[PDB]
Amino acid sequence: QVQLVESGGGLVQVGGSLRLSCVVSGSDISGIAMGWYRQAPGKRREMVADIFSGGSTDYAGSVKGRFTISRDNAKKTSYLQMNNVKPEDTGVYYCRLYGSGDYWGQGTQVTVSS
């Protein structure tokens, strides 16, 4: 069955960089979009970056230029590179596989500190 396992994650200093990773097992990733979401406490989960099978991407406006999403179809992996992190970036990050199911990673805390 389908599992998304994330790794990486804050603490991280304001202005700092960090990478989150996720490996998918039980499915092939090829032909299926993936994305990263985040959820701060009390707030709605929000898309942060999307990446389609052919490499094309999408970003939330407020992370564009700072974050980079990537994927490896042979390795069934996605990663989210986070540069110049701000306090607004603090929260629980989830990787998602946009397949025919609810396919999420466990969620990994990223905490930006001054």
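Residues carry their position along the shown sequence, with the first being 1.
- The PDB entry records a higher mean C-alpha B factor for 71 to 79 than for its counterpart among 71 to 79 and 49 to 57.
- Higher mean CA temperature factor between 24 to 32 and 62 to 70: 24 to 32, per the PDB entry.
- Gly16 sits in the middle third of its chain by CA B factor, as recorded in the PDB entry.
- Among all modelled residues in its chain, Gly99 ranks in the lowest third by Cα B-factor.
- Among the modelled residues of its chain, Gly10 has a C-alpha B-factor that falls in the highest third, as given in the PDB entry.
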